[PDB]
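Both blocks below hold the same protein chain, though in two forms, and each is given as structure tokens: structure 1 and structure 2.
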Structure 1
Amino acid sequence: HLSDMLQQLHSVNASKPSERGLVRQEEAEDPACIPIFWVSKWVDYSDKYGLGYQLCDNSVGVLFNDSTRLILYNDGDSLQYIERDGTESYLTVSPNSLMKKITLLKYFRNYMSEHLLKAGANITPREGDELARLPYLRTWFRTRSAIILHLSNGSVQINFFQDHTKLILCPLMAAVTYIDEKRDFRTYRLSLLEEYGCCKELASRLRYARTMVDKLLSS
């Protein structure tokens, strides 16, 4: 979905949405496109093990340094293991081959609970299918300005370090959710931002997002 996201971002940015006589950003809001999933917490222990994270439904996962992923559902028992080549297996906490990674996941779990806030804690996620499988973390990287997190459902999340603003890009709905410095949040359809425009801050973050999606595609 990265190629689609790149096309959507190229389109919104070419419209120069902040270079307008009157920006009407509010008219581009569409609260129904709020995501089902985003990353609420993360821990970069890549010096040793990998990147642990929590999704907004309170499930957790780890992308290990060997590019494998282990996800624990919010039921506290169900696991999905994803190999480097993408092969998926469904297991429970209740194989010996995964004992070490399960232990690491629990420790990441505990650390996130002990030390970190839940991003978007005040946001009601969109309701989807209670029985659907969780997305997992495909890859991530850190720049001067942000951490970039790409989920297997196509979503790309960019969390900015300086002001704690966050972008969640959802290419299936061609939408973006923006969490601002005050933790207020809005969801926009990118096509409506073309129509109505947006402020320089959001325009800058959307240019930055396209740069990040290009980096993801280059990786």
Structure 2
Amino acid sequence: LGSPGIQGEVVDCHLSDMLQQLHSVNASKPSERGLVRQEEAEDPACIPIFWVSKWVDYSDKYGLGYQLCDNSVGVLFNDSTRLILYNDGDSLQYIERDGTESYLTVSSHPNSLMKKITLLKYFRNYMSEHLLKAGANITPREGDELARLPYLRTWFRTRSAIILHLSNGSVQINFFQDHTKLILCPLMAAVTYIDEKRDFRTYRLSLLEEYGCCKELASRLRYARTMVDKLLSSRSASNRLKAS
């Protein structure tokens, strides 16, 4: 009965579509409208259930450890495998480089995963002791736990941001300096903006094009388009030696 989950190729289709829609929003110059009505673009029914609320870049040794906003934890290891620990303290899911998923438990698991389990526990403990939870102000909706828990598909960092791409399609961009964050959902064609005051607001992209938005959000969306391009192909299709 279990769903196989949205497959990565299907995620890539929606990503390309979001790339195109970001281009369209951005080319519409949304901060230049006669009267910007950003509030009218809000779409509360499309609020994301999941985002990365904490992260640790130990990629020099092991990988990128993270917490999701339901307090589950995961790691994308340097061998492109993922281990996630659900918020019950014991349930695990292991995802191989090719996406093959297996379910296990901390109490009952193949011995082959002992090392990666122990590393995940170290990441968890670190995050819990040291790091602030992003979106700690959002109270979950009833049944949000029924949505498929995603894993971190890919990530990268620039000088100004970290880019986190989840297996449900979402692309999260966290800006280092000012703590502002974007959560782009290519399935809902929506974007959530977390501003410097920690206000969390979810917009329909097509409505940002219709109604406009402030220049800070407009600026972050220009950068987002560039990040999506990089995600889709780290190297340019017009010159594969050149970084997207």
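Residue positions are counted from 1 along structure 1's sequence. We call the rigid core whatever largest set of C-alpha positions still superposes within 1.5 Å between the two forms. Only residues modelled in both forms are compared.
Once the two forms are fitted on their rigid core, between the two structures the CA displacement reaches 2 Å or more only for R126 among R109, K101, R126, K118. Structural comparison between the two structures after rigid-core fitting shows the C-alpha of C170 displaced 0.8 Å.
If you overlay the core, the Cα of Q8 moves by 2.1 Å between the two structures.
Relative to the superposed rigid core, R24 shifts its CA by 1.0 Å between the two structures.
Here is what shifts between the two structures when you lay the two on the core: just one run of at least 3 residues, every Cα off by 2 Å or more, at 124-133.
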